[PDB]
$ cat data-v4.tsv   # TSV, C-alpha atoms and all ligand atoms
chain	number	residue	atom	x	y	z
K	1	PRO	CA	91.63	88.64	-27.67
K	2	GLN	CA	93.12	88.67	-24.17
K	3	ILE	CA	94.10	92.14	-22.95
K	4	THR	CA	96.32	92.69	-19.94
K	5	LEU	CA	96.58	95.82	-17.86
K	6	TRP	CA	100.25	96.77	-17.79
K	7	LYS	CA	98.83	99.60	-19.87
K	8	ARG	CA	95.45	101.21	-20.59
K	9	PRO	CA	93.19	98.69	-22.37
K	10	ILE	CA	92.63	100.83	-25.45
K	11	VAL	CA	90.91	99.63	-28.58
K	12	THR	CA	89.53	100.93	-31.85
K	13	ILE	CA	85.94	101.98	-32.31
K	14	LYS	CA	83.97	103.31	-35.26
K	15	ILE	CA	81.38	106.02	-34.59
K	16	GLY	CA	79.54	108.16	-37.15
K	17	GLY	CA	81.58	106.55	-39.92
K	18	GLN	CA	84.79	107.59	-38.17
K	19	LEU	CA	87.72	105.61	-36.81
K	20	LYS	CA	88.72	106.25	-33.19
K	21	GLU	CA	90.11	104.71	-30.00
K	22	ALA	CA	88.73	104.49	-26.47
K	23	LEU	CA	89.62	103.12	-23.05
K	24	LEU	CA	87.71	99.95	-22.25
K	25	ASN	CA	86.31	101.15	-18.95
K	26	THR	CA	84.72	98.86	-16.33
K	27	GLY	CA	84.26	101.74	-13.87
K	28	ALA	CA	81.29	103.40	-15.51
K	29	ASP	CA	77.77	102.26	-16.31
K	30	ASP	CA	77.63	104.13	-19.64
K	31	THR	CA	79.92	105.04	-22.52
K	32	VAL	CA	81.33	108.57	-22.95
K	33	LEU	CA	83.04	110.13	-25.97
K	34	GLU	CA	84.99	113.20	-27.08
K	35	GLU	CA	82.70	115.67	-28.82
K	36	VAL	CA	81.50	113.94	-31.98
K	37	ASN	CA	78.76	114.14	-34.65
K	38	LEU	CA	75.70	111.93	-34.18
K	39	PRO	CA	72.35	110.66	-35.48
K	40	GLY	CA	69.25	112.27	-33.98
K	41	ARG	CA	67.84	113.43	-30.64
K	42	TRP	CA	69.71	113.46	-27.33
K	43	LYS	CA	68.72	113.94	-23.69
K	44	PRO	CA	70.55	116.11	-21.16
K	45	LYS	CA	72.35	114.08	-18.53
K	46	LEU	CA	74.55	114.75	-15.51
K	47	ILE	CA	77.19	112.12	-14.80
K	48	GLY	CA	79.33	112.21	-11.66
K	49	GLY	CA	82.92	111.10	-11.28
K	50	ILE	CA	86.21	111.97	-9.65
K	51	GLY	CA	86.35	115.74	-9.84
K	52	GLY	CA	82.61	116.16	-9.51
K	53	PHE	CA	79.81	116.45	-12.05
K	54	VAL	CA	79.98	116.90	-15.83
K	55	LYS	CA	77.24	117.65	-18.36
K	56	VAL	CA	76.75	115.20	-21.21
K	57	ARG	CA	74.54	114.64	-24.22
K	58	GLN	CA	72.77	111.27	-24.02
K	59	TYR	CA	72.34	109.74	-27.46
K	60	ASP	CA	70.12	106.67	-27.15
K	61	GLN	CA	70.33	103.40	-29.13
K	62	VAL	CA	73.25	104.41	-31.36
K	63	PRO	CA	75.13	102.15	-33.77
K	64	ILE	CA	78.81	101.76	-32.88
K	65	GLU	CA	81.59	99.35	-33.88
K	66	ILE	CA	83.91	98.35	-31.06
K	67	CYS	CA	86.95	96.31	-32.06
K	68	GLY	CA	84.96	95.65	-35.22
K	69	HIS	CA	81.82	94.05	-33.81
K	70	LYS	CA	78.51	95.88	-34.10
K	71	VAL	CA	76.78	97.15	-31.04
K	72	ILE	CA	73.81	99.42	-30.52
K	73	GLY	CA	73.66	101.11	-27.12
K	74	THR	CA	73.75	104.35	-25.20
K	75	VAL	CA	76.52	106.81	-25.98
K	76	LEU	CA	77.12	109.80	-23.75
K	77	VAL	CA	78.73	112.80	-25.42
K	78	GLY	CA	80.57	115.48	-23.49
K	79	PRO	CA	83.91	116.94	-22.39
K	80	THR	CA	85.69	113.73	-21.38
K	81	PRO	CA	89.49	113.92	-21.19
K	82	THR	CA	89.44	110.55	-22.92
K	83	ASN	CA	86.94	108.22	-24.61
K	84	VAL	CA	85.47	105.58	-22.38
K	85	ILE	CA	83.65	102.38	-23.33
K	86	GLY	CA	81.24	101.55	-20.51
K	87	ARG	CA	79.83	98.26	-19.24
K	88	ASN	CA	76.73	98.91	-21.32
K	89	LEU	CA	78.52	98.15	-24.58
K	90	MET	CA	81.18	95.82	-23.22
K	91	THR	CA	78.60	93.20	-22.33
K	92	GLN	CA	77.34	92.95	-25.90
K	93	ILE	CA	80.63	91.83	-27.34
K	94	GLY	CA	80.96	89.32	-24.51
K	95	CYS	CA	83.61	91.20	-22.59
K	96	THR	CA	84.35	89.67	-19.23
K	97	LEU	CA	86.99	90.20	-16.54
K	98	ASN	CA	89.32	87.22	-16.25
K	99	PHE	CA	91.43	86.39	-13.22
Q	1	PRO	CA	86.79	83.74	-11.93
Q	2	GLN	CA	85.35	84.83	-15.22
Q	3	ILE	CA	83.14	87.74	-14.42
Q	4	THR	CA	80.52	89.28	-16.62
Q	5	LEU	CA	79.74	92.98	-16.69
Q	6	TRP	CA	75.99	93.10	-16.28
Q	7	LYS	CA	76.55	94.49	-12.80
Q	8	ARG	CA	79.31	96.50	-11.18
Q	9	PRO	CA	82.24	94.04	-10.84
Q	10	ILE	CA	82.46	94.60	-7.09
Q	11	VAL	CA	84.79	92.31	-5.16
Q	12	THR	CA	85.83	91.95	-1.51
Q	13	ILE	CA	89.07	93.56	-0.35
Q	14	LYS	CA	90.99	93.64	2.92
Q	15	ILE	CA	93.10	96.50	4.31
Q	16	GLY	CA	94.33	97.11	7.85
Q	17	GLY	CA	92.26	94.08	8.77
Q	18	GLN	CA	89.24	95.93	7.42
Q	19	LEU	CA	86.88	94.11	5.10
Q	20	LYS	CA	85.41	96.35	2.45
Q	21	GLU	CA	84.41	96.03	-1.20
Q	22	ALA	CA	85.77	97.69	-4.32
Q	23	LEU	CA	85.11	98.01	-8.03
Q	24	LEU	CA	87.47	96.11	-10.31
Q	25	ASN	CA	88.08	99.16	-12.49
Q	26	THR	CA	89.97	98.92	-15.79
Q	27	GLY	CA	89.46	102.62	-16.51
Q	28	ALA	CA	91.47	103.63	-13.46
Q	29	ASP	CA	95.23	103.17	-13.42
Q	30	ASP	CA	95.33	103.92	-9.71
Q	31	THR	CA	93.60	102.35	-6.74
Q	32	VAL	CA	91.38	104.80	-4.87
Q	33	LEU	CA	89.53	104.15	-1.62
Q	34	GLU	CA	87.25	106.47	0.34
Q	35	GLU	CA	88.51	105.95	3.88
Q	36	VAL	CA	90.96	103.57	5.46
Q	37	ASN	CA	92.48	103.26	8.89
Q	38	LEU	CA	96.10	103.12	7.90
Q	39	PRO	CA	98.16	104.05	10.89
Q	40	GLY	CA	100.15	107.20	10.00
Q	41	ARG	CA	101.96	109.23	7.33
Q	42	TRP	CA	100.54	109.75	3.85
Q	43	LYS	CA	101.90	111.57	0.80
Q	44	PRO	CA	100.16	114.34	-1.19
Q	45	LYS	CA	99.05	113.30	-4.65
Q	46	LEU	CA	97.04	114.63	-7.58
Q	47	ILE	CA	94.94	112.53	-9.91
Q	48	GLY	CA	92.64	113.80	-12.62
Q	49	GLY	CA	89.31	112.13	-13.16
Q	50	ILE	CA	86.52	112.85	-15.61
Q	51	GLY	CA	85.34	115.98	-13.79
Q	52	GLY	CA	88.64	117.59	-12.86
Q	53	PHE	CA	91.62	117.20	-10.51
Q	54	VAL	CA	91.41	116.12	-6.85
Q	55	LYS	CA	93.73	115.94	-3.84
Q	56	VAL	CA	94.26	112.41	-2.62
Q	57	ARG	CA	96.46	110.72	0.01
Q	58	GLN	CA	99.11	108.37	-1.44
Q	59	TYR	CA	100.07	105.29	0.57
Q	60	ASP	CA	103.11	103.33	-0.64
Q	61	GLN	CA	103.44	99.56	-0.60
Q	62	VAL	CA	100.21	98.66	1.19
Q	63	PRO	CA	99.52	94.98	1.74
Q	64	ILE	CA	96.00	94.41	0.48
Q	65	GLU	CA	93.86	91.30	0.02
Q	66	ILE	CA	91.48	90.89	-2.91
Q	67	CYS	CA	89.35	87.72	-2.94
Q	68	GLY	CA	91.76	86.09	-0.51
Q	69	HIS	CA	94.66	86.96	-2.78
Q	70	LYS	CA	97.37	88.97	-1.03
Q	71	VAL	CA	98.99	91.68	-3.10
Q	72	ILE	CA	100.98	94.84	-2.54
Q	73	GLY	CA	101.06	98.31	-4.08
Q	74	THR	CA	100.07	101.94	-3.86
Q	75	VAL	CA	96.68	102.76	-2.40
Q	76	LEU	CA	95.39	106.32	-2.71
Q	77	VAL	CA	92.66	107.78	-0.49
Q	78	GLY	CA	90.33	110.19	-2.26
Q	79	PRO	CA	86.96	111.68	-3.21
Q	80	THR	CA	85.65	108.72	-5.17
Q	81	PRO	CA	81.94	107.91	-5.63
Q	82	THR	CA	82.83	104.24	-5.25
Q	83	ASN	CA	85.83	102.31	-3.98
Q	84	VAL	CA	87.98	101.58	-7.03
Q	85	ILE	CA	90.86	99.15	-7.42
Q	86	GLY	CA	92.78	100.14	-10.55
Q	87	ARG	CA	95.31	98.44	-12.80
Q	88	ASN	CA	98.38	98.79	-10.57
Q	89	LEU	CA	96.81	96.13	-8.39
Q	90	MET	CA	94.80	94.25	-10.99
Q	91	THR	CA	97.99	93.22	-12.81
Q	92	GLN	CA	99.26	91.57	-9.67
Q	93	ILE	CA	96.32	89.18	-9.62
Q	94	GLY	CA	97.09	88.51	-13.28
Q	95	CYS	CA	93.66	89.83	-14.21
Q	96	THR	CA	92.84	90.33	-17.89
Q	97	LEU	CA	90.12	91.73	-20.13
Q	98	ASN	CA	88.62	89.07	-22.39
Q	99	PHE	CA	86.34	88.77	-25.42
K	101	LIG	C1	85.83	106.68	-10.40
K	101	LIG	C2	84.81	106.41	-11.50
K	101	LIG	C3	83.52	105.79	-10.95
K	101	LIG	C4	84.54	107.68	-12.30
K	101	LIG	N1	84.42	107.28	-13.70
K	101	LIG	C5	84.94	105.98	-14.16
K	101	LIG	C6	86.48	105.97	-14.19
K	101	LIG	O1	86.86	104.83	-15.00
K	101	LIG	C7	87.18	107.18	-14.80
K	101	LIG	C8	87.24	107.04	-16.33
K	101	LIG	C9	88.41	107.84	-16.86
K	101	LIG	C10	89.43	107.21	-17.56
K	101	LIG	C11	90.50	107.95	-18.05
K	101	LIG	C12	90.56	109.33	-17.83
K	101	LIG	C13	89.54	109.96	-17.13
K	101	LIG	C14	88.48	109.21	-16.64
K	101	LIG	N2	88.57	107.27	-14.35
K	101	LIG	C15	88.99	107.88	-13.25
K	101	LIG	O2	88.87	109.08	-13.03
K	101	LIG	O3	89.64	107.02	-12.28
K	101	LIG	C16	90.74	107.57	-11.57
K	101	LIG	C17	91.48	106.43	-10.87
K	101	LIG	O4	92.88	106.58	-11.15
K	101	LIG	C18	93.10	107.58	-12.13
K	101	LIG	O5	93.56	106.93	-13.32
K	101	LIG	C19	92.78	107.31	-14.46
K	101	LIG	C20	91.53	108.00	-13.93
K	101	LIG	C21	91.78	108.23	-12.45
K	101	LIG	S1	83.75	108.26	-14.65
K	101	LIG	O6	84.66	108.60	-15.70
K	101	LIG	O7	83.45	109.43	-13.89
K	101	LIG	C22	82.39	107.77	-15.33
K	101	LIG	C23	81.20	108.39	-14.94
K	101	LIG	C24	80.01	108.08	-15.57
K	101	LIG	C25	80.00	107.18	-16.65
K	101	LIG	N3	78.83	106.87	-17.24
K	101	LIG	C26	81.20	106.60	-17.09
K	101	LIG	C27	82.40	106.93	-16.46
$ encode --input "data-v4.tsv" --output "structure tokens" --more "lines below"
Ligand SMILES: CC(C)CN(C[C@@H](O)[C@H](Cc1ccccc1)NC(=O)O[C@H]1CO[C@H]2OCC[C@H]21)S(=O)(=O)c1ccc(N)cc1
Amino acid sequence: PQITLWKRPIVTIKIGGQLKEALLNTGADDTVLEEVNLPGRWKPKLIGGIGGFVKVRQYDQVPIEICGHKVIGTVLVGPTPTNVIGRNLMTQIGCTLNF
Amino acid sequence: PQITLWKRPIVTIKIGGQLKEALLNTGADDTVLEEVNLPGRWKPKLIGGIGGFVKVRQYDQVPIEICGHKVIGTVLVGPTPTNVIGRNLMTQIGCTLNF
């Protein structure tokens, strides 16, 4: 599909068997989500943004459905005001910026 | 331009006759630049990012030039890790997300 940006590019995702929505974010290297329930082991990570640093759980190689296509990639889990799909997953469903 | 997201989608941008470069960010509604030499008065603004809320200087109706393409809008100045051009400006180039 071809999304414009007169409003937040928000789309459905499925994570942990659960239906959700997230902002398709080209700003960040990695994906972040609202506290959720997930597979296995995570690493501590510190991301930085606007408003300083925030502590996240790094779940590695996780299965997620974005817009209905399967992707396995890194999901960061932490206190994000909103769910954010990073470049890391966007490139696997052939997302590209068009202008 | 169809641009893939393996890298940061950094493009060239011109303000005040200053060449710099900025992230084509679809996760930011607003355009946020670290410093500019714009000549005078700015307006006090608050945006929230992922790590909290920050003071930033709002400039109305700035002529800016992205990839040669001259467009006009509101250019904040703020504590951003990376120059970010958000959707308010990306719509004026008719830029879209695509997959
Ligand atoms: C400036 C960015 C480099 C900061 N981030 C990406 C950015 O998309 C966030 C992502 C984002 C999206 C929605 C809500 C909060 C954060 N948005 C943001 O704060 O940008 C600001 C520009 O204008 C304002 O409009 C919305 C946010 C403000 S980030 O959220 O911190 C970020 C940091 C690390 C990762 N891995 C992924 C994302």
$ closest_residue --input "data-v4.tsv" --among "Q:72, Q:90, Q:54, Q:77" --to "residue 37 in chain Q" --atoms "all atoms listed in the file"
Q:77
$ closest_residue --input "data-v4.tsv" --among "K:63, K:17, K:44, K:52" --to "chain Q" --atoms "only C-alpha atoms"
K:52
$ residues_near_ligand --input "data-v4.tsv" --ligand "ligand LIG 101 (chain K)" --cutoff "9 Å" --atoms "all atoms listed in the file" --output "compact mmCIF listing (two decimals) with C-alpha atoms, keeping the file's coordinate frame"
# COMPACT_ATOMS: atom_id res chain seq x y z
CA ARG K 8 95.45 101.21 -20.59
CA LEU K 23 89.62 103.12 -23.05
CA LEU K 24 87.71 99.95 -22.25
CA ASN K 25 86.31 101.15 -18.95
CA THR K 26 84.72 98.86 -16.33
CA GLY K 27 84.26 101.74 -13.87
CA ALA K 28 81.29 103.40 -15.51
CA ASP K 29 77.77 102.26 -16.31
CA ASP K 30 77.63 104.13 -19.64
CA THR K 31 79.92 105.04 -22.52
CA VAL K 32 81.33 108.57 -22.95
CA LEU K 46 74.55 114.75 -15.51
CA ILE K 47 77.19 112.12 -14.80
CA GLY K 48 79.33 112.21 -11.66
CA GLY K 49 82.92 111.10 -11.28
CA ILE K 50 86.21 111.97 -9.65
CA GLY K 51 86.35 115.74 -9.84
CA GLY K 52 82.61 116.16 -9.51
CA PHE K 53 79.81 116.45 -12.05
CA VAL K 54 79.98 116.90 -15.83
CA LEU K 76 77.12 109.80 -23.75
CA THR K 80 85.69 113.73 -21.38
CA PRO K 81 89.49 113.92 -21.19
CA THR K 82 89.44 110.55 -22.92
CA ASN K 83 86.94 108.22 -24.61
CA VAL K 84 85.47 105.58 -22.38
CA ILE K 85 83.65 102.38 -23.33
CA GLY K 86 81.24 101.55 -20.51
CA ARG K 87 79.83 98.26 -19.24
CA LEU Q 23 85.11 98.01 -8.03
CA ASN Q 25 88.08 99.16 -12.49
CA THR Q 26 89.97 98.92 -15.79
CA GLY Q 27 89.46 102.62 -16.51
CA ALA Q 28 91.47 103.63 -13.46
CA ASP Q 29 95.23 103.17 -13.42
CA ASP Q 30 95.33 103.92 -9.71
CA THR Q 31 93.60 102.35 -6.74
CA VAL Q 32 91.38 104.80 -4.87
CA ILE Q 47 94.94 112.53 -9.91
CA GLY Q 48 92.64 113.80 -12.62
CA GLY Q 49 89.31 112.13 -13.16
CA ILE Q 50 86.52 112.85 -15.61
CA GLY Q 51 85.34 115.98 -13.79
CA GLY Q 52 88.64 117.59 -12.86
CA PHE Q 53 91.62 117.20 -10.51
CA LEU Q 76 95.39 106.32 -2.71
CA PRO Q 79 86.96 111.68 -3.21
CA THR Q 80 85.65 108.72 -5.17
CA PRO Q 81 81.94 107.91 -5.63
CA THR Q 82 82.83 104.24 -5.25
CA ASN Q 83 85.83 102.31 -3.98
CA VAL Q 84 87.98 101.58 -7.03
CA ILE Q 85 90.86 99.15 -7.42
CA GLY Q 86 92.78 100.14 -10.55
CA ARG Q 87 95.31 98.44 -12.80
$ atom_distance --input "data-v4.tsv" --atom1 "CA of residue 57 in chain Q" --atom2 "CA of residue 39 in chain Q"
12.9 Å
$ closest_residue --input "data-v4.tsv" --among "Q:22, Q:13, Q:33, Q:97" --to "residue 64 in chain Q" --atoms "all atoms listed in the file"
Q:13
$ atom_distance --input "data-v4.tsv" --atom1 "CA of residue 89 in chain K" --atom2 "CA of residue 65 in chain K"
9.9 Å
$ atom_distance --input "data-v4.tsv" --atom1 "CA of residue 7 in chain Q" --atom2 "CA of residue 91 in chain K"
9.8 Å
$ residues_near_point --input "data-v4.tsv" --point "(68.1, 97.0, -31.6)" --cutoff "12 Å" --atoms "only C-alpha atoms" --output "list in words"
residues 60, 61, 62, 63, 64, 70, 71, 72, 73, 74 and 92 of chain K
